[PDB]
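**Student:** Provide a 3D model corresponding to the input given below.
(one chain, ligands or ions: 2)
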Amino acid sequence: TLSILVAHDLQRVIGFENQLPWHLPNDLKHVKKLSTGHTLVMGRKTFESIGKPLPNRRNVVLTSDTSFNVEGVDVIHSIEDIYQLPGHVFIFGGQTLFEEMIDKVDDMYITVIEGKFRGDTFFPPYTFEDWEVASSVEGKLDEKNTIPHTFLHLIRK
Ligand SMILES: NC(=O)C1=CN([C@@H]2O[C@H](COP(=O)(O)OP(=O)(O)OC[C@H]3O[C@@H](n4cnc5c(N)ncnc54)[C@H](OP(=O)(O)O)[C@@H]3O)[C@@H](O)[C@H]2O)C=CC1
Ligand SMILES: COc1cc(-c2c(C)cccc2C)cc([C@H](C)C#Cc2c(C)nc(N)nc2N)c1
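**Tutor:** Numbers count the residues shown, from 1 in each chain. Ligands and ions are numbered 1, 2, ... in the order given. Below is the structure in question.
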């Protein structure tokens, strides 16, 4: 399987100044559970906004930088290399990678953040005419998770 994994708001904002605009522990747990034991593919900027690979899964970074070498990170230099990675692969961000991959993935795991944030990076537009709703699960609000959010699993029709 080739999947997208993304959290976006009502206007498809995914980022602001190389950070996420929201803090939602429930969504981070969601990411952890889906991707532990599998593969994350991300653009260079997304990786550098964290600077350390996520434990207990393969972290793949796409960059043109032939000098890129980070301990615990595998590097690729072409979109075409993504198709050679084994197992379940998750396109993890950012805007550029989403734009390049949205037409290619089998399915999408989307956390819809039910708010409107200031952003400078966006998930590309998509229509539910192209995607079946495999599941739609309301996130639980509480002390530490105070923005309404819905976990969607979308599969290409
Ligand atoms: N809300 C969410 O779920 C998520 C949000 N984000 C956010 O997204 C933002 C970053 O997005 P964006 O600026 O688009 O950056 P990206 O993370 O997509 O990185 C862009 C870089 O990736 C590399 N790259 C992309 N395509 C190719 C290619 N075909 N060949 C070689 N290298 C390639 C290039 O690296 P190089 O220049 O080194 O060659 C390029 O400059 C941040 O704000 C981050 O917070 C990210 C993931 C998820
Ligand atoms: C090391 O590469 C990364 C690690 C993390 C990271 C996570 C997910 C949890 C705890 C700590 C860290 C550092 C995040 C990212 C990017 C910003 C992303 C993302 C994302 C999120 C947050 N939610 C949904 N649904 N999809 C997503 N792609 C990259």
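
**Student:** Quick one: check the longest helix along the chain for contact with ligand 1.
**Tutor:** Ranked by residue count and defined by DSSP state H, the top helix of the chain is helix 25-35. No. Helix 25-35 stays clear of ligand 1 (C-beta under 6 Å from any ligand atom), getting no nearer than 8.2 Å. Where C-beta positions appear, they are placed from N, C-alpha and C, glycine not excepted.

**Student:** in that helix, what counts as buried?
**Tutor:** 26-27, 30-31, 34-35 (16 or more other C-beta atoms under 10 Å).

**Student:** out of the residues you listed, who's nearest ligand 2?
**Tutor:** Nearest to ligand 2 among the buried residues of helix 25-35: residue 31, at 4.0 Å, using C-beta to the nearest ligand atom.

**Student:** ok, that closest one - contacts?
**Tutor:** By C-beta atoms under 8 Å, 6 or more residues apart in numbering, residue 31 lies in contact with residue 5.

**Student:** got it, and the one 10 residues further on?
**Tutor:** If you count contacts by C-beta under 8 Å, 6+ apart, residue 41 has them with 60-62, 76, 82, 85, 89-92, 97.

**Student:** and those, which of them are in helices?
**Tutor:** Using DSSP H, the members of the contacts of residue 41 that fall within helices are residue 97.

**Student:** can I get the contacts of residue 41 in TSV with distance to ligand 1?
**Tutor:** Shown next, in TSV, are these (distance: C-beta to the nearest ligand atom, whole Å):
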residue	distance to ligand 1
60	12
61	8
62	5
76	8
82	9
85	15
89	15
90	10
91	9
92	6
97	4
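
**Student:** List buried members of the contacts of residue 41 by neighbour count.
**Tutor:** Among the contacts of residue 41, the ones that count as buried (16+ other C-beta under 10 Å) are 60-62, 76, 82, 89-92, 97.

**Student:** And the furthest pair within those?
**Tutor:** Farthest-apart pair in those is 76 and 90; separation 14.2 Å (C-beta to C-beta).

**Student:** how about the helices in this structure?
**Tutor:** Secondary structure of the chain by DSSP H: the helices cover 25-35, 44-48, 95-101.

**Student:** I'd like to know which of those is closest to ligand 2.
**Tutor:** Ligand 2 lies closest, by C-beta to the nearest ligand atom, to one member of the helices of the chain: helix 25-35, at 4.0 Å.

**Student:** ok, of the contacts of residue 41, which one's closest to residue 126?
**Tutor:** Proximity of the contacts of residue 41 to residue 126 (C-beta to C-beta) peaks at residue 91, which lies at 13.5 Å.
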